[PDB]
>>> print(open('work_18.cif').read())   # mmCIF, C-alpha atoms
data_data
#
loop_
_atom_site.group_PDB
_atom_site.id
_atom_site.type_symbol
_atom_site.label_atom_id
_atom_site.label_comp_id
_atom_site.auth_asym_id
_atom_site.auth_seq_id
_atom_site.Cartn_x
_atom_site.Cartn_y
_atom_site.Cartn_z
ATOM 1 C CA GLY A 1 238.935 236.541 65.613
ATOM 2 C CA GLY A 2 241.801 234.059 65.398
ATOM 3 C CA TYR A 3 243.103 232.647 62.131
ATOM 4 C CA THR A 4 246.040 230.580 60.929
ATOM 5 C CA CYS A 5 248.819 233.083 60.204
ATOM 6 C CA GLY A 6 250.541 231.132 57.444
ATOM 7 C CA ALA A 7 253.996 229.619 57.776
ATOM 8 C CA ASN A 8 256.700 232.145 58.712
ATOM 9 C CA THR A 9 254.476 235.183 58.101
ATOM 10 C CA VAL A 10 255.440 236.466 61.590
ATOM 11 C CA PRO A 11 259.232 236.013 61.389
ATOM 12 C CA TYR A 12 259.990 237.664 64.762
ATOM 13 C CA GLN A 13 257.768 235.167 66.617
ATOM 14 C CA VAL A 14 259.684 232.679 68.739
ATOM 15 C CA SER A 15 258.646 229.585 70.674
ATOM 16 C CA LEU A 16 260.198 228.994 74.089
ATOM 17 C CA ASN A 17 260.680 225.281 74.716
ATOM 18 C CA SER A 18 261.546 223.500 77.967
ATOM 19 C CA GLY A 19 260.658 220.041 76.678
ATOM 20 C CA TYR A 20 257.421 221.439 75.199
ATOM 21 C CA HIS A 21 256.241 224.842 74.003
ATOM 22 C CA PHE A 22 255.462 226.878 77.130
ATOM 23 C CA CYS A 23 255.410 230.535 75.999
ATOM 24 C CA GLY A 24 256.048 232.812 73.055
ATOM 25 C CA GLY A 25 258.514 235.643 72.619
ATOM 26 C CA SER A 26 259.747 238.243 70.134
ATOM 27 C CA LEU A 27 263.182 238.445 68.505
ATOM 28 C CA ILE A 28 264.454 242.012 68.903
ATOM 29 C CA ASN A 29 267.987 241.488 67.544
ATOM 30 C CA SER A 30 270.114 238.510 66.566
ATOM 31 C CA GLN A 31 271.030 237.826 70.214
ATOM 32 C CA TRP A 32 267.959 238.819 72.262
ATOM 33 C CA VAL A 33 264.328 237.864 72.827
ATOM 34 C CA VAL A 34 261.631 239.753 74.769
ATOM 35 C CA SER A 35 258.967 237.731 76.614
ATOM 36 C CA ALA A 36 256.740 237.890 79.712
ATOM 37 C CA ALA A 37 258.364 237.646 83.140
ATOM 38 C CA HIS A 38 255.703 235.138 84.164
ATOM 39 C CA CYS A 39 257.238 232.797 81.546
ATOM 40 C CA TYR A 40 260.511 232.590 83.513
ATOM 41 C CA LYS A 41 261.960 229.130 84.079
ATOM 42 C CA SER A 42 265.257 227.306 83.779
ATOM 43 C CA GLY A 43 266.422 225.333 80.759
ATOM 44 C CA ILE A 44 264.921 227.466 77.982
ATOM 45 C CA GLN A 45 265.612 226.671 74.344
ATOM 46 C CA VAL A 46 264.582 229.376 71.869
ATOM 47 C CA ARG A 47 263.004 228.086 68.657
ATOM 48 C CA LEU A 48 263.028 230.490 65.701
ATOM 49 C CA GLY A 49 261.522 230.026 62.262
ATOM 50 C CA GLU A 50 258.682 227.847 63.594
ATOM 51 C CA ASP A 51 255.262 227.232 62.158
ATOM 52 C CA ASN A 52 254.159 223.738 63.228
ATOM 53 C CA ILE A 53 255.913 223.322 66.587
ATOM 54 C CA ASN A 54 255.527 219.525 66.426
ATOM 55 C CA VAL A 55 257.145 218.962 62.993
ATOM 56 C CA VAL A 56 260.587 219.909 61.679
ATOM 57 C CA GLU A 57 259.625 221.741 58.489
ATOM 58 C CA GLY A 58 263.080 223.002 57.463
ATOM 59 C CA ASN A 59 263.350 226.674 58.505
ATOM 60 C CA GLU A 60 263.886 226.311 62.263
ATOM 61 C CA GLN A 61 266.826 227.408 64.380
ATOM 62 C CA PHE A 62 267.062 225.942 67.895
ATOM 63 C CA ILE A 63 269.336 227.959 70.214
ATOM 64 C CA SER A 64 269.776 227.550 73.966
ATOM 65 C CA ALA A 65 269.161 230.571 76.155
ATOM 66 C CA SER A 66 272.313 231.705 77.934
ATOM 67 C CA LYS A 67 270.804 234.314 80.268
ATOM 68 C CA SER A 68 267.398 235.404 81.541
ATOM 69 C CA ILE A 69 266.686 238.828 83.063
ATOM 70 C CA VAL A 70 263.311 239.465 84.718
ATOM 71 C CA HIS A 71 262.319 243.106 85.090
ATOM 72 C CA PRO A 72 263.447 244.426 88.508
ATOM 73 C CA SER A 73 259.913 245.587 89.357
ATOM 74 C CA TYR A 74 258.043 242.460 88.227
ATOM 75 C CA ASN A 75 255.232 241.605 90.666
ATOM 76 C CA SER A 76 253.871 238.137 89.988
ATOM 77 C CA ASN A 77 250.769 238.741 92.111
ATOM 78 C CA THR A 78 249.505 241.614 89.915
ATOM 79 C CA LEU A 79 251.584 240.903 86.783
ATOM 80 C CA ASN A 80 252.772 244.523 86.882
ATOM 81 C CA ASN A 81 255.974 244.880 84.841
ATOM 82 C CA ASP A 82 255.440 241.487 83.149
ATOM 83 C CA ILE A 83 258.515 241.593 80.915
ATOM 84 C CA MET A 84 261.800 239.688 80.685
ATOM 85 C CA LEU A 85 264.807 239.470 78.364
ATOM 86 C CA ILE A 86 266.363 236.228 77.127
ATOM 87 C CA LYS A 87 269.844 236.117 75.599
ATOM 88 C CA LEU A 88 270.741 233.532 72.948
ATOM 89 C CA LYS A 89 273.877 231.438 73.465
ATOM 90 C CA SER A 90 274.794 232.052 69.813
ATOM 91 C CA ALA A 91 273.471 234.686 67.430
ATOM 92 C CA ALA A 92 270.544 233.703 65.237
ATOM 93 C CA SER A 93 271.119 233.671 61.481
ATOM 94 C CA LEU A 94 268.695 236.312 60.222
ATOM 95 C CA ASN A 95 266.738 235.599 57.023
ATOM 96 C CA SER A 96 263.247 236.130 55.593
ATOM 97 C CA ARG A 97 261.759 233.640 58.087
ATOM 98 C CA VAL A 98 263.848 234.670 61.128
ATOM 99 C CA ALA A 99 263.803 238.437 61.559
ATOM 100 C CA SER A 100 263.860 240.985 64.355
ATOM 101 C CA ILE A 101 261.017 243.361 65.226
ATOM 102 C CA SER A 102 261.772 247.004 66.011
ATOM 103 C CA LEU A 103 261.176 248.579 69.398
ATOM 104 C CA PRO A 104 258.895 251.636 69.487
ATOM 105 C CA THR A 105 260.079 255.215 69.884
ATOM 106 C CA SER A 106 256.641 256.207 71.235
ATOM 107 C CA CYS A 107 253.484 254.554 72.530
ATOM 108 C CA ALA A 108 250.576 253.634 70.264
ATOM 109 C CA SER A 109 247.155 255.306 70.391
ATOM 110 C CA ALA A 110 243.785 253.774 71.189
ATOM 111 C CA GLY A 111 242.127 252.489 68.040
ATOM 112 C CA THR A 112 245.354 251.435 66.329
ATOM 113 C CA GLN A 113 245.135 247.928 64.893
ATOM 114 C CA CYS A 114 247.690 245.403 66.133
ATOM 115 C CA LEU A 115 248.726 241.874 65.194
ATOM 116 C CA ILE A 116 248.774 239.487 68.165
ATOM 117 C CA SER A 117 250.332 236.098 67.546
ATOM 118 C CA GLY A 118 250.965 232.806 69.293
ATOM 119 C CA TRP A 119 250.298 229.105 69.607
ATOM 120 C CA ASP A 120 249.988 223.352 66.257
ATOM 121 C CA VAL A 121 250.601 226.112 63.744
ATOM 122 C CA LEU A 122 250.971 229.794 64.547
ATOM 123 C CA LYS A 123 247.714 231.687 65.108
ATOM 124 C CA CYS A 124 247.061 235.384 64.565
ATOM 125 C CA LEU A 125 244.521 237.981 65.675
ATOM 126 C CA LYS A 126 244.114 241.547 64.412
ATOM 127 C CA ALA A 127 242.536 243.777 67.042
ATOM 128 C CA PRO A 128 242.483 247.472 67.979
ATOM 129 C CA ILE A 129 243.972 248.932 71.128
ATOM 130 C CA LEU A 130 241.109 249.723 73.484
ATOM 131 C CA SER A 131 240.627 253.016 75.286
ATOM 132 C CA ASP A 132 242.037 253.292 78.800
ATOM 133 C CA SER A 133 238.479 253.473 80.133
ATOM 134 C CA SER A 134 237.284 250.296 78.396
ATOM 135 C CA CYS A 135 240.368 248.416 79.591
ATOM 136 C CA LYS A 136 240.161 249.554 83.217
ATOM 137 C CA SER A 137 236.372 249.068 83.305
ATOM 138 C CA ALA A 138 236.829 245.438 82.273
ATOM 139 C CA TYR A 139 239.293 244.809 85.148
ATOM 140 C CA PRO A 140 238.602 247.296 87.960
ATOM 141 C CA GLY A 141 241.562 247.749 90.286
ATOM 142 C CA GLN A 142 243.891 245.597 88.167
ATOM 143 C CA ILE A 143 245.179 247.699 85.232
ATOM 144 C CA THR A 144 248.309 249.822 85.684
ATOM 145 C CA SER A 145 249.991 252.279 83.344
ATOM 146 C CA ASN A 146 252.259 249.370 82.304
ATOM 147 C CA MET A 147 249.378 247.493 80.667
ATOM 148 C CA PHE A 148 246.937 247.977 77.804
ATOM 149 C CA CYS A 149 244.003 246.023 76.395
ATOM 150 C CA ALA A 150 243.107 244.909 72.879
ATOM 151 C CA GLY A 151 240.382 242.662 71.461
ATOM 152 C CA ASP A 152 249.917 232.077 74.429
ATOM 153 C CA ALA A 153 251.752 234.235 77.025
ATOM 154 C CA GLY A 154 254.929 236.095 76.128
ATOM 155 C CA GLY A 155 254.118 236.540 72.452
ATOM 156 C CA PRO A 156 254.150 239.715 70.393
ATOM 157 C CA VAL A 157 251.659 242.494 69.856
ATOM 158 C CA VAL A 158 252.864 244.509 66.857
ATOM 159 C CA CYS A 159 251.282 247.785 65.755
ATOM 160 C CA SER A 160 252.505 249.908 62.836
ATOM 161 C CA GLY A 161 255.627 247.759 62.590
ATOM 162 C CA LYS A 162 256.703 248.160 66.233
ATOM 163 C CA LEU A 163 256.587 245.774 69.191
ATOM 164 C CA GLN A 164 254.045 247.545 71.413
ATOM 165 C CA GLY A 165 252.831 244.675 73.606
ATOM 166 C CA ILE A 166 253.604 241.331 75.189
ATOM 167 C CA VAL A 167 250.777 238.842 75.809
ATOM 168 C CA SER A 168 250.341 238.951 79.589
ATOM 169 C CA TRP A 169 246.933 237.932 80.960
ATOM 170 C CA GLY A 170 243.175 238.062 80.517
ATOM 171 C CA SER A 171 241.477 235.331 82.565
ATOM 172 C CA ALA A 172 236.750 232.638 80.563
ATOM 173 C CA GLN A 173 234.325 235.570 80.626
ATOM 174 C CA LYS A 174 232.451 237.345 77.857
ATOM 175 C CA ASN A 175 233.490 240.967 77.229
ATOM 176 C CA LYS A 176 236.924 240.676 78.850
ATOM 177 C CA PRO A 177 239.741 241.699 76.477
ATOM 178 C CA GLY A 178 243.341 240.595 76.470
ATOM 179 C CA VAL A 179 245.846 242.452 78.650
ATOM 180 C CA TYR A 180 249.329 243.211 77.344
ATOM 181 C CA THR A 181 252.538 244.574 78.814
ATOM 182 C CA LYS A 182 253.030 248.115 77.482
ATOM 183 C CA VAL A 183 256.442 247.804 75.808
ATOM 184 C CA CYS A 184 256.880 251.524 75.118
ATOM 185 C CA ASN A 185 257.365 252.098 78.876
ATOM 186 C CA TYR A 186 260.354 249.710 78.892
ATOM 187 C CA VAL A 187 262.383 250.696 75.823
ATOM 188 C CA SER A 188 265.124 252.426 77.834
ATOM 189 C CA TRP A 189 265.367 249.443 80.183
ATOM 190 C CA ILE A 190 265.487 247.028 77.261
ATOM 191 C CA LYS A 191 268.173 248.937 75.415
ATOM 192 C CA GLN A 192 270.360 249.530 78.443
ATOM 193 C CA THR A 193 269.990 245.982 79.722
ATOM 194 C CA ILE A 194 270.923 244.316 76.459
ATOM 195 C CA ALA A 195 273.819 246.721 75.970
ATOM 196 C CA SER A 196 275.207 245.776 79.397
ATOM 197 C CA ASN A 197 274.773 241.991 79.034
#
>>> encode(input="work_18.cif", output="structure tokens")
Amino acid sequence: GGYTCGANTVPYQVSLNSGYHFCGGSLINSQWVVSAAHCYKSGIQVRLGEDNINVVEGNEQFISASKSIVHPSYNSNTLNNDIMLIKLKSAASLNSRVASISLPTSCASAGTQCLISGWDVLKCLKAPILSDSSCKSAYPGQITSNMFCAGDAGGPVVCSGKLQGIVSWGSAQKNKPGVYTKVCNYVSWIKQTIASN
């Protein structure tokens, strides 16, 4: 289950702030964050280096977003293609507490353990990717090939050092696992979109 991560132990984790913390995201290079499309709104400030989001502890960088790009195929009704890119107005200064997470070159297999993080201090959960059957049986009619299940919205799911998921949806009922955007399907779109913007 959930536990307190420890300050800055997840250095690619970002907080998106519009006057309050409303979603997480993942730093993928010094200029770009990946989050969930359902997190889209105006006036986003990206907060890097955070642990307690209510206290300035000394390692934060606050940088306004300059551009938001929701996936062209995002469907808010089904949350299919629940992914968006956020550009930073100025490049983050990368250090041990503010670091990028690598994109995958291939998808992860069922049974692989992943670190899911989000928000107060940052919370963590280690959980295995569930089989396709277990995932789709939990949510009949609702899981697409762009989603996977495993044991904050917008935050990272990291497996074997790669960003494999984005926290997307899941609801409270008993044996219903979290549902995550399947990042490996979007790597080409991510790389092309950031290179063109």
>>> atom_distance(input="work_18.cif", atom1="CA of residue 77 (chain A)", atom2="CA of residue 123 (chain A)")
28.1 Å
>>> residues_around(input="work_18.cif", residues="region 95-97 of chain A", least_positions_apart="2", cutoff="7 Å", atoms="all atoms listed in the file", output="list in words")
residues 8, 11, 49, 93 and 99 of chain A
>>> residues_around(input="work_18.cif", residues="residue 74 (chain A)", least_positions_apart="3", cutoff="9 Å", atoms="all atoms listed in the file", output="PyMOL selection string")
chain A and resi 37-38+70-71+78-84
>>> write_last_selection(input="work_18.cif", atoms="C-alpha atoms", output="PDB file, in the coordinates of the input")
ATOM      1  CA  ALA A  37     258.364 237.646  83.140  1.00  0.00           C
ATOM      2  CA  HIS A  38     255.703 235.138  84.164  1.00  0.00           C
ATOM      3  CA  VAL A  70     263.311 239.465  84.718  1.00  0.00           C
ATOM      4  CA  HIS A  71     262.319 243.106  85.090  1.00  0.00           C
ATOM      5  CA  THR A  78     249.505 241.614  89.915  1.00  0.00           C
ATOM      6  CA  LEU A  79     251.584 240.903  86.783  1.00  0.00           C
ATOM      7  CA  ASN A  80     252.772 244.523  86.882  1.00  0.00           C
ATOM      8  CA  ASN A  81     255.974 244.880  84.841  1.00  0.00           C
ATOM      9  CA  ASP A  82     255.440 241.487  83.149  1.00  0.00           C
ATOM     10  CA  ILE A  83     258.515 241.593  80.915  1.00  0.00           C
ATOM     11  CA  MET A  84     261.800 239.688  80.685  1.00  0.00           C
TER      12      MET A  84
END
>>> residues_around(input="work_18.cif", residues="residue 51 (chain A)", least_positions_apart="6", cutoff="7 Å", atoms="all atoms listed in the file", output="list in words")
residues 7, 8, 121 and 122 of chain A
>>> residues_around(input="work_18.cif", residues="residue 155 (chain A)", least_positions_apart="6", cutoff="9 Å", atoms="all atoms listed in the file", output="MDAnalysis selection string")
chainID A and resid 13:15 23:26 34:36 116:119 165:168
>>> atom_distance(input="work_18.cif", atom1="CA of residue 67 (chain A)", atom2="CA of residue 114 (chain A)")
29.3 Å
>>> residues_around(input="work_18.cif", residues="residue 90 (chain A)", least_positions_apart="2", cutoff="12 Å", atoms="only C-alpha atoms", output="list in words")
residues 29, 30, 31, 32, 45, 46, 61, 62, 63, 64, 65, 66, 67, 86, 87, 88, 92 and 93 of chain A
>>> resolve_selection(input="work_18.cif", expression="the PyMOL selection byres ((chain A and resi 197) around 10)", output="PyMOL selection string")
chain A and resi 67+69+87+192-196
>>> atom_distance(input="work_18.cif", atom1="CA of residue 153 (chain A)", atom2="CA of residue 180 (chain A)")
9.3 Å
>>> closest_residue(input="work_18.cif", among="A:112, A:9, A:105, A:73", to="residue 188 (chain A)", atoms="all atoms listed in the file")
A:105
>>> resolve_selection(input="work_18.cif", expression="the PyMOL selection byres ((chain A and resi 130) around 9)", output="PyMOL selection string")
chain A and resi 109-112+127-129+131-135+148-151+177
>>> closest_residue(input="work_18.cif", among="A:5, A:53, A:101, A:44", to="residue 27 (chain A)", atoms="only C-alpha atoms")
A:101
>>> closest_residue(input="work_18.cif", among="A:107, A:3, A:141, A:169", to="residue 182 (chain A)", atoms="only C-alpha atoms")
A:107
>>> closest_residue(input="work_18.cif", among="A:115, A:183, A:172, A:157", to="residue 145 (chain A)", atoms="only C-alpha atoms")
A:183
